[PDB]
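One structure below.
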Amino acid sequence: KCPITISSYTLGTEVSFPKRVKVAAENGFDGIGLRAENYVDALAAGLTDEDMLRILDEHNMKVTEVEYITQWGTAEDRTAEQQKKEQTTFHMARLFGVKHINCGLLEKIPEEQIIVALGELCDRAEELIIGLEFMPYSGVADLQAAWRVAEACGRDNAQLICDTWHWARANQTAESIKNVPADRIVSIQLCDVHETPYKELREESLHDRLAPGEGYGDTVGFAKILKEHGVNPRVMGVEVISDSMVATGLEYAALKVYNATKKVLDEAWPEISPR
Ligand SMILES: [Mg+2]
Ligand SMILES: [Mg+2]
Ligand SMILES: [Mg+2]
């Protein structure tokens with residue numbers, strides 16, 4: 001089993017929790033992703049952990065993705081708020097029954113420092129899996145780099161996330177997955193890329209992604225690579241971060257990315273496609 005999950009950013013940063021759940025459920029998703037910010041907003045709106053569980057249950061829904069841990073690479077970055085965010089994701093994962101937490105490292109630090117910091121983060125995570133996400137503009141720039149550091153840290157909960165946008169913008173291929181044990185890839189996130197990159201790649205990534213297979217990043221070929229390598233993702237996230245789609249409509253966004261996801265997985269991995 002692999003829950004088709006609408007990732008947090010796919011619905012923006014404003015929508016209430018109950019609307020997020022409802023829009024997801026109405027559009028055929030098995031789960032939602034939640035950022036710590038979304039969770040804090042819900043608490044600020046007077047919702048409790050308990051109420052969030054009830055609402056999910058009311059829509060036959062689950063939170064299946066928890067994110068996003070960053071700013072863990074250096075002593076100066078690991079501030080009290082950083083550490084609060086870490087702790088908040090850990091609690092969120094336990095609460096909602098999620099086994100892994102999405103993680104990225106923006107800071108371009110020497111890799112030996114990354115190995116050590118990653119090990120420490122996995123220690124902090126205890127039973128939870130750290131899903132380290134490579135990104136072309138980050139301190140872990142491609143899949144080989146992510147595997148190198150996860151491997152070297154020597155914690156079994158150091159695992160890997162493949163997000164189509166990052167895969168395509170880091171120009172990854174079939175060879176990128178070489179020597180990466182399939183069972184180390186904890187999740188997959190689907191979307192697609194514009195033909196022409198932004199000047200600032202990080203702006204593009206957070207503002208102007210395309211729906212799966214509607215772009216120039218061979219989402220279909222990407223899914224097939226991971227499938228054939230023997231990856232068994234815990235979640236199939238759909239992470240299409242698009243200010244334009246959200247501005248058009250949440251329902252619009254949700255329908256558009258579901259239909260696109262179904263198109264790609266029908267072709268590439270029918271056994272887990274939504275049905
Ligand atoms: Mg915004
Ligand atoms: Mg991602
Ligand atoms: Mg089977």
Side-chain angles (χ1 to χ4, degrees), residues 2 5 7-8 33-36 63-75 77-79 82-94 96-167 170 172 175-189 222 225-226 229-237 239:
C2 183
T5 296
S7 305
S8 180
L34 267 193
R35 289 166 62 233
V63 162
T64 49
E65 174 175 65
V66 170
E67 63 190 355
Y68 192 69
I69 294 173
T70 64
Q71 287 190 333
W72 49 267
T74 72
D77 288 333
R78 293 184 297 264
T79 70
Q82 191 274 328
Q83 284 292 292
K84 189 192 184 164
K85 192 168 167 202
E86 275 189 24
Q87 291 288 327
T88 303
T89 67
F90 297 162
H91 172 71
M92 282 169 59
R94 294 186 177 123
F96 288 123
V98 179
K99 293 331 181 165
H100 73 288
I101 303 164
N102 307 353
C103 167
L105 186 61
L106 198 69
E107 294 71 36
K108 289 170 179 193
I109 69 185
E111 202 168 274
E112 304 99 335
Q113 277 179 48
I114 304 169
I115 290 160
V116 168
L118 181 55
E120 294 168 328
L121 174 60
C122 289
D123 292 351
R124 289 194 305 272
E126 299 184 81
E127 84 282 1
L128 303 158
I129 295 166
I130 294 302
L132 178 63
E133 180 179 32
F134 76 82
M135 308 181 268
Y137 56 77
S138 82
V140 182
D142 68 9
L143 182 67
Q144 287 293 302
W147 173 224
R148 201 157 52 237
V149 302
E151 173 177 42
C153 85
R155 282 62 167 194
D156 295 325
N157 58 330
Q159 296 175 24
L160 310 174
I161 301 171
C162 291
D163 167 328
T164 310
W165 198 92
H166 297 307
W167 176 274
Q172 304 298 269
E175 196 71 348
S176 299
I177 202 65
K178 290 287 196 179
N179 295 336
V180 186
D183 67 6
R184 282 285 179 152
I185 289 156
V186 65
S187 80
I188 300 176
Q189 289 176 331
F222 159 88
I225 283 161
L226 290 164
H229 187 69
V231 177
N232 285 315
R234 283 187 185 278
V235 309
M236 179 65 60
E239 189 177 28

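We're numbering straight along the sequence, starting at 1.
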Discussion item. With rounding to the nearest 0.5 angstrom, report the CD to CD distance, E133 to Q159.
Written reply: 14.5 Å

Worksheet entry | Audit row: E107, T74, side chain to side chain contact (heavy atoms under 4.5 Å, CB included) steps and yes/no | CA-CA 9 Å; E107 294 71 36; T74 72; 5.6 Å; no

Fill in: Nearest atoms (heavy-atom pairs only) where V186 meets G131
CG1-CA, 3.9 Å

Worksheet entry | Residue pair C103 / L121, side-chain heavy-atom distance below 4.5 Å | yes

Worksheet item: What heavy-atom pair brings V140 and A145 nearest, and what distance separates the two atoms?
Response: CG1-C, 3.9 Å

Discussion item. So which atom in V235 and which in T64 form the shortest heavy-atom distance, rounded to 0.1 Å?
Written reply: CG1-O, 3.1 Å

Worksheet entry | Worked check of side chain to side chain contact (heavy atoms under 4.5 Å, CB included) between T70 and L106 | CA-CA 7 Å; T70 64; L106 198 69; over 6 Å; no

Item to complete: Identify the two heavy atoms, one from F90 and one from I69, that lie closest to each other, and give their separation to 0.1 Å.
Response: CE2-CD1, 3.9 Å

Fill in: Residue list, salt bridge (charged side-chain N to carboxylate O under 4.0 Å, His left out) with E239, at least two apart or on another chain
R209

Worksheet item: Got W72 and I114 here, is their nearest side-chain heavy-atom distance under 4.5 Å?
Response: yes

Fill in: Interatomic spacing from CG in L226 to CD1 in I185 - rounded to 0.5 Å
5.5 Å

Item to complete: Just jot down the side chain to side chain donor-acceptor pair (under 3.5 Å) partners of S187, sequence neighbours excluded, or say none.
Response: none

Item to complete: Can you tell me which residue pairs pass the side chain to side chain donor-acceptor pair (under 3.5 Å) test with a partner in residues 117-131, sequence neighbours excluded?
Response: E86-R124, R94-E127, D123-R155

Practice prompt. Starting from the C-alpha separation in whole Å, work towards a yes-or-no answer on side chain to side chain contact (heavy atoms under 4.5 Å, CB included) for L132 and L118.
Written response: CA-CA 9 Å; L132 178 63; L118 181 55; 4.1 Å; yes

Worksheet item: Side chains of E67 and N102: donor-acceptor distance under 3.5 Å anywhere?
Response: yes

Practice prompt. Identify, with sequence neighbours excluded, every residue that meets side chain to side chain donor-acceptor pair (under 3.5 Å) alongside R148.
Written response: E111

Fill in: Approximate separation, where rounding is to 0.5 Å, of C122 SG and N157 CG
4.5 Å

Discussion item. For the NZ atom of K99 and the CD1 atom of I129, what is their distance to the nearest 0.5 Å?
Written reply: 9.0 Å

Worksheet entry | Smallest separation among heavy atoms of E65 and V98, with atom names | N-CG2, 4.0 Å

Practice prompt. Could you tell me the separation between the CH2 atom of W147 and the CG atom of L160, rounded to the nearest 0.5 Å?
Written response: 7.0 Å

Fill in: Crowding at CG, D183 (>12 non-hydrogen neighbours, <6.0 Å)
yes

Fill in: Straight-line distance of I177 CD1 to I225 CD1, nearest 0.5 Å
8.5 Å

Fill in: Atom of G73, atom of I109 and distance for their closest heavy-atom approach
O-CD1, 3.2 Å

Discussion item. Would you say that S138 contacts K108 through its side chain, given a criterion of any heavy-atom pair below 4.5 Å between the two side chains?
Written reply: no

Worksheet item: Between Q144 and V180, is any pair of side-chain heavy atoms under 4.5 Å apart?
Response: yes

Fill in: Pair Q189-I161, side chain to side chain contact (heavy atoms under 4.5 Å, CB included): steps then yes or no
CA-CA 7 Å; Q189 289 176 331; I161 301 171; 3.9 Å; yes

Practice prompt. Go through the structure and list residues passing side chain to side chain donor-acceptor pair (under 3.5 Å) with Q172, not counting sequence neighbours.
Written response: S176

Worksheet item: Which residues pass the ring pair (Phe, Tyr, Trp, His ring centres under 6.0 Å) test with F222, sequence neighbours left out?
Response: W167

